[PDB]
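A short write-up of the structure that comes next.
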There are 4 protein chains.
Amino acid sequence: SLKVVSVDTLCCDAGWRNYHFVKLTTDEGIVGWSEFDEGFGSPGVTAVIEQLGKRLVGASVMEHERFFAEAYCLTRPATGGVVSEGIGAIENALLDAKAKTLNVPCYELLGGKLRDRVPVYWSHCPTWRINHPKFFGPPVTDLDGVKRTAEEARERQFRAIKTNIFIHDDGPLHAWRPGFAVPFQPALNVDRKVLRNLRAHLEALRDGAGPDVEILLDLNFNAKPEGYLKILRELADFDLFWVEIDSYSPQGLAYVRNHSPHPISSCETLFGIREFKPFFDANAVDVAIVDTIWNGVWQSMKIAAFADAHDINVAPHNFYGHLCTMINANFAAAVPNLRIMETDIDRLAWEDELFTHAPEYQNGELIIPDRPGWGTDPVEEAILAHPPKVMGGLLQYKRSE
Amino acid sequence: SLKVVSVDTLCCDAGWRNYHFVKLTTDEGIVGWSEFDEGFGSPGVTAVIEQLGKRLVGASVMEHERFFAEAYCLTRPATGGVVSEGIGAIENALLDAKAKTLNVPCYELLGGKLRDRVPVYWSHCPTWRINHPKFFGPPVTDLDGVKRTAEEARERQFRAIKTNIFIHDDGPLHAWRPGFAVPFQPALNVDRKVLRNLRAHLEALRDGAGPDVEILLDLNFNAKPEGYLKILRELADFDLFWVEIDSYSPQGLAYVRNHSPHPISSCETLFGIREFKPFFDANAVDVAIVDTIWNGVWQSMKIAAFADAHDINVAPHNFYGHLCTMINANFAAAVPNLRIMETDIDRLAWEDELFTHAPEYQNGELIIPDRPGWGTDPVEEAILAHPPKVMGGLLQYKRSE
Amino acid sequence: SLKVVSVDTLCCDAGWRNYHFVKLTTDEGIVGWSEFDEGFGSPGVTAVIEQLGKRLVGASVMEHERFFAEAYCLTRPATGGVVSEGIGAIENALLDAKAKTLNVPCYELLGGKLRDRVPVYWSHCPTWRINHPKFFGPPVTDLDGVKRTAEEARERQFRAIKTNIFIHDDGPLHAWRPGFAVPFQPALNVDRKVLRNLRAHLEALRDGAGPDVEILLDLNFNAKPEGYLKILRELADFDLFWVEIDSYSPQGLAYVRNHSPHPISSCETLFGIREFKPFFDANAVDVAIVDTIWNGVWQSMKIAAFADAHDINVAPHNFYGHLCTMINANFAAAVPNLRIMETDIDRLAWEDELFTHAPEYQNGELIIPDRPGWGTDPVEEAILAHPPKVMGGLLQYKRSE
Amino acid sequence: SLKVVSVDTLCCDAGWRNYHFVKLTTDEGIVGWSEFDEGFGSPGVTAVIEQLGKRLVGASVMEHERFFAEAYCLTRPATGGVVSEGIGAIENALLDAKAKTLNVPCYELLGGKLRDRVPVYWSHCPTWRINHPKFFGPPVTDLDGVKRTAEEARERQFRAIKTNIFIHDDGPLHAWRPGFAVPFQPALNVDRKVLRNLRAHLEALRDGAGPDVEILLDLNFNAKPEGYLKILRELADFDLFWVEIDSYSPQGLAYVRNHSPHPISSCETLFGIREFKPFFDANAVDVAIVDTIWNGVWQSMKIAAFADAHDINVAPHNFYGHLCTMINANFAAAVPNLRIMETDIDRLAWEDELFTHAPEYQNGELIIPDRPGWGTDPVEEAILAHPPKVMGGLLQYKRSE
Ligand SMILES: O=C(O)/C=C/C(=O)O
Ligand SMILES: O=C(O)/C=C/C(=O)O
Ligand SMILES: O=C(O)/C=C/C(=O)O
Ligand SMILES: O=C(O)/C=C/C(=O)O
Ligand SMILES: [Cl-]
Ligand SMILES: [Cl-]
Ligand SMILES: [Cl-]
Ligand SMILES: [Cl-]
Ligand SMILES: [Cl-]
Ligand SMILES: [Cl-]
Ligand SMILES: [Cl-]
Ligand SMILES: [Cl-]
Ligand SMILES: [Mg+2]
Ligand SMILES: [Mg+2]
Ligand SMILES: [Mg+2]
Ligand SMILES: [Mg+2]
């Protein structure tokens, strides 16, 4: 019949956060999967999906843009954010199911592949070993460990690494994340302490990385334009692949970029061409980060095309489980204007239990798989062996505090 | 202690949709309430509130902007929409509790009152009698009933009424709501049928209203700029108080307004100064609709001040239960630049059972109450006597179809 | 009755200028106070207050935004400047009275507090010891005294200091203030003499401050854009917390900022969102100075919210008596987007006689008090023991000349 | 010596407001005069003048731009409004004294005259006979009196008349002045009642004026852009010389003008090229009103030149005593780009007692005099025979209410 018979959500432990999944089944017995997240400031996504999936039952699994169009209509007033994440999660499950029904990898729905491998950067490096050492080891607790982590990246043939903001000289090593309320300093002022610690951290990372490995710096939402300018001027003499700055002020981000000696990336939290547009019109970015897990991969192809017309390359936002990596792999396979792909190389001890297939890296690149659908399936029995905790993510840093 | 002890949500039947409430209790035994909605495209608000309220327990009930600032940080990546609605619902409960603790009406927290009564328009008139006749009577099923409803508004001393788009000459009277997927025609084209039915409907309404009662026309998201221009040109010779058009294109809405012989209102679905700004910068509106139930009343005071600087008057979005009306009443009491206040005069048969106090109207104006807090409390026993159904609102029109 | 019974003004000696106060009494016997200034280019404020306060008698003390709205109407043609200062002074007295009536600190009217302490900078350092040595000692008369003053700031645990422009190598140490007619050189040209003396002064200050204490430079209105650029280029290699430039040309200030290696602050002389707007639209500032003594604290909350939407942090303008400090303390307690708070640490020998309570500093921060109202009351008997002189401020530098 | 020996202010009764004067005496015994106003929203001007005139004593009477430059410096922070009115009043007294010293009319200081007579409009017609009937008769209390007043204007050979907003069909004839708080309706909404009364009033005026006399409509600050558009659309079919709209939103006024079938005038409350600039840049006006009594005539020549470069004609703001008329006459004599000159033809019973010379009109034009100075002197004995009342103007309408 090609009809969708069911849309369900599943959830499992990922240590300091949960993983979430959409499971969609068709009349033919094909199962399409996606992975989504609630911990990155996104409570409610499951509820959105539960409501919207009810309308999908009985509809064609082939008609994903029909479903998008209908869902957009039905949630038009509160579009964006958690609503749009729910829609994107369902879209990604539909795509998997459609590809499987046609016996092709998902990239065959996206224009075909135009590359077989994708260069990555090792993300949250050493951020995960500092911030979640119970889950990702070896723990990093000082500048020497920062250096050693970059050395490890170099030895393992990764070509780039991304770090965040850390305070080394004021007690135990800790993250500076005021944009996410740790500490609670909502003006997000940047002082000498921040600047000297950024310098110390990046000098140690560079010492370990050597001169060839690229260093990316993510500042997230942790400053105002004033403070971002102060950081960029302080770090004017560093060799940075990019400086990543999230902002809801296209004019403010553009001002910062105009005064930056480094490439600027942004946009990981934005939805649709509509939200990216003011930033591109303002010349706000060198690189656009596209969260295809949030937007849905089909919507993300639209965003990538829009970026392409502005001669802006895009990078997928990818810092979740293996299924997200494979989802993003298919996007990266198909998009001409691809800057690079993010991935976390630090993995949970039980990561590989949760999925049928693990991503394969060789010489700093991700190998794009050629199996029907995204390239990996969550394993239901394994999900149930790792029951979820309460919401973590941005909420559990604040508990740890 | 002034500490928040608990944050709970409650839900009850409102016929074709549910009402939702936040109940916040302090160490002193004061209860603060707000009302929120999920049916207007907003699945997930309860989940957001459930997560965010956990951080609030143990904090001061007096420190509402502290809570806002923290909540904004913790949900920064997925801000807007359902996330921001959850934050606004909690804010409105905090304000009620704070006002009650200080033994003052909520307007005493908002600058004091500057008016004792507020002119209203009778909203969803005759929209509710056409679309939800099981709940709001007498049913309207033809042009004569449209006329009689406007006559009723005139007799009852209401000074203004707002209608939507209706098709009269193609079978049983029915709403034209393609922007919300009834019918599913996602291009939102406007054809002759739409235009001739708009004319027929508005002529009947004017016939009943007489020459003094004002007529507002809400087009919601039911067209593209092309179609909005076609409607405005068709209706160029009508006397309309305003034409309401929701748009996520500030440049497109500005173009439409620039070519409109009628005042244009918009913005009911927007959050924060940040989202209103591009519309004001573009000269997109005569009147800004502010949903204080969504934004929170404190955030809405910021939006009203911003509008004031642009010499734009604001109107509260108010089409829910009595508590929402009283919340909006307090906002309307305090804001200098107030255009008018929306209210639904068609009420559910059990509406007054659900709340301690009902809004009082005299000569087309709402009387602003002077009780501590918002002016009415939901009644827990009554809530439980009217158990909720599954989500309705935008989802149940589509079931009816 | 909650009625205002009287509005009076009081004035006392502050050495080289006077302090002024509004005293407002309610039917319940509550007294609300504010402090205002005439010496900073503002003759006439008392007269404005005397006229406007007459309309306030008999009105509710609770209805401050009503009074603002009415006063704005009654003075609409000549709004801004001295008129708006009079309105702001009355507003601040109303707020004190309202808070006292409700038995809460003023920050409880402003959203609640979100911080308990506020970092300050020591303003007019060493400006007051150079320019008014009869009142603030030890006198500073050379570069060594400049250095020692910065050392003192460091020892006393202040984290930042702000200086102005001084000429050291052309006779006795003297201020360069052509924007305020000392000397009378109304083109405000910047020559080599200015630049070399700025360098000499700042080098001495840095020598004393050490590397951790931040140095702010206030240039007031003492140049044209051409000259501001010359100063910024000369000082490109200094570590400056900000460079403060007052301008009535948003396009000119924006040009200067665009070419500045230092953060730029401005706006201390502006009134309302309306006046700040062209500067924010032009990307003219890193930091917005808000004079809440001038604007009124309620109006200033509107300005702070507007700034917040542009991701601009604000700093209160605070260089008067203890009551102004406490007024600003309450604003600083409540505003999320707070850059820093100005305060003068050099005090008059009789300062503490004039007020019931003095501000308390610890480790470079101001402690926010928790008494009803602003936190300090002027003492009538003490005011009368220090009778005012003729207007000083900007007028008495010109006498000294 | 050419030194200024004294600067004094004088004040006398003008019925519902006071007239104010600056009297400046030189070492040679020459007396220079100006007239200023406090009642049009401007409490404090006398205090400004009292302070600033102290610096002028001992300076050259010839050096008026020196004094301006110095005064601007000394009041830079609170410039505009009442401060700038005080400066302008002194400037106008300096000009009179300088012209008298050189034995020439003031226009000889302003480029020489380029016309001998100036067409006027009869302002506040029938506004003064409606609003201040105790002082200006015959009283106007109905539409017939409105018609008769326009007939009188026609018979007396005036070519144009200006009215304001009046309500005829809701009790005794009364002014609609919500922008000045009568009534207190600070949203400034425009409803049907306003529109139908505007129509009725203007139809009666046109009936009396006949087809040749021009009708100007002044809306002051009595609406928001939304409401101004509603008025202009309602009155689209009237023949109006201009519609006058005061606004502090150059973008809002520009929007209104862009949609106006009538010429738009504005700017009467603005100071300096700096304040006019955003309006001219925005294409906000057909005609710029320049208040030379406020700005000073020398500053106003700068404003007129600026307007000239934009091909905008200017009109003086002139609705005070005979000295203001003569001040404006000299400006009008000299400015090429002169639209028309305002004047009040309704005079107080004692007007001519207060001044040495009265303005002379012939065939709808003002004859420019050729006496040294402005053309008339206030008479000290007469001033003292008409002692002032408390401040009236905008404050006394509110008493009458
Ligand atoms: O994903 C990041 O780059 C940072 C996350 C955080 O600070 O929570
Ligand atoms: O609230 C309205 O105006 C329309 C709602 C709808 O068509 O669903
Ligand atoms: O307050 C200041 O920064 C400077 C004042 C002055 O030079 O008069
Ligand atoms: O001068 C006018 O045109 C109006 C003045 C007023 O309404 O007070
Ligand atoms: Cl989580
Ligand atoms: Cl902070
Ligand atoms: Cl619902
Ligand atoms: Cl369609
Ligand atoms: Cl002073
Ligand atoms: Cl000079
Ligand atoms: Cl007066
Ligand atoms: Cl109003
Ligand atoms: Mg990032
Ligand atoms: Mg609407
Ligand atoms: Mg300053
Ligand atoms: Mg006028």
Side-chain angles (χ1 to χ4, degrees), chain A residues 74 76-77, chain B residues 16-17 39-41 123-125 127-128 131-132 162-165 175-182 216-222 244 246 268 289 317 319 342 344 393-394 396-398, chain C residues 16-17 39-41 74 76-77 123-124 127-128 131-132 162-165 175-182 216-222 244 246 268 289 317 319 342 344 393-394 396-398, chain D residues 16-17 39-41 74 76-77 123-125 127-128 131-132 162-165 175-182 216-222 244 246 268 289 317 319 342 344 393-394 396-398:
Chain A
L74 294 174
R76 226 181 188 111
Chain B
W16 54 281
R17 59 184 176 172
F40 200 53
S123 196
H124 306 99
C125 180
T127 309
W128 278 178
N131 292 346
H132 307 295
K162 192 167 79 191
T163 191
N164 299 82
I165 308 166
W176 181 249
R177 301 166 63 257
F180 299 145
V182 186
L216 295 64
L217 176 57
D218 199 334
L219 303 176
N220 304 93
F221 291 92
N222 291 318
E244 199 170 327
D246 297 299
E268 77 189 36
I289 306 307
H317 199 199
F319 65 116
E342 181 183 15
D344 286 332
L394 302 181
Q396 82 92 53
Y397 292 93
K398 197 70 187 169
Chain C
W16 54 281
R17 59 184 176 172
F40 200 53
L74 294 174
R76 226 181 188 111
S123 196
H124 306 99
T127 309
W128 278 178
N131 292 346
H132 307 295
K162 192 167 79 191
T163 191
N164 299 82
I165 308 166
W176 181 249
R177 301 166 63 257
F180 299 145
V182 186
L216 295 64
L217 176 57
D218 199 334
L219 303 176
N220 304 93
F221 291 92
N222 291 318
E244 199 170 327
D246 297 299
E268 77 189 36
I289 306 307
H317 199 199
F319 65 116
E342 181 183 15
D344 286 332
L394 302 181
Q396 82 92 53
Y397 292 93
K398 197 70 187 169
Chain D
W16 54 281
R17 59 184 176 172
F40 200 53
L74 294 174
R76 226 181 188 111
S123 196
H124 306 99
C125 180
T127 309
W128 278 178
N131 292 346
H132 307 295
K162 192 167 79 191
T163 191
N164 299 82
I165 308 166
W176 181 249
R177 301 166 63 257
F180 299 145
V182 186
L216 295 64
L217 176 57
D218 199 334
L219 303 176
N220 304 93
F221 291 92
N222 291 318
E244 199 170 327
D246 297 299
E268 77 189 36
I289 306 307
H317 199 199
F319 65 116
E342 181 183 15
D344 286 332
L394 302 181
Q396 82 92 53
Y397 292 93
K398 197 70 187 169

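Any value given below was found using the heavy atoms of this structure, including those in side chains, with hydrogens, waters and symmetry copies removed. Order of appearance sets the numbers: ligands from 1, and atoms from 1 within every ligand. A note on names: the letters A, B, ... follow the listed sequences, proteins ahead of strands, and every chain is numbered from 1.
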CH2 on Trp16(B) to CH2 on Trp128(B), rounded to 0.5 Å: 3.5 Å
Partner residues of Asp344(B) under the salt bridge (charged side-chain N to carboxylate O under 4.0 Å, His left out) criterion, sequence neighbours left out: none
Determine yes or no for a side-chain-to-main-chain donor-acceptor pair under 3.5 angstrom, with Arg76(A) supplying the side chain and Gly179(B) the backbone. yes
Heavy-atom side-chain contact between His132(B) and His124(B) under 4.5 Å: no
Salt bridge (charged side-chain N to carboxylate O under 4.0 Å, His left out) partners of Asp218(B), counting only residues at least two apart: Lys162(B)
Starting from the N and O atoms of ligand 3, find every protein N or O within less than 3.5 Å and list the pair with its distance.
{"residue": "ligand 3", "atom": "1 (O)", "partner": "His124(C)", "partner atom": "NE2", "Å": "2.9"}
{"residue": "ligand 3", "atom": "3 (O)", "partner": "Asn164(C)", "partner atom": "ND2", "Å": "2.9"}
{"residue": "ligand 3", "atom": "3 (O)", "partner": "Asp218(C)", "partner atom": "OD2", "Å": "3.4"}
{"residue": "ligand 3", "atom": "3 (O)", "partner": "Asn220(C)", "partner atom": "ND2", "Å": "3.3"}
{"residue": "ligand 3", "atom": "7 (O)", "partner": "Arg177(C)", "partner atom": "NE", "Å": "2.9"}
{"residue": "ligand 3", "atom": "8 (O)", "partner": "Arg177(C)", "partner atom": "NE", "Å": "3.3"}
{"residue": "ligand 3", "atom": "8 (O)", "partner": "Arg177(C)", "partner atom": "NH2", "Å": "2.8"}

Return the set of residues passing side chain to side chain donor-acceptor pair (under 3.5 Å) with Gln396(D) (not counting sequence neighbours), or none when no residue passes. none
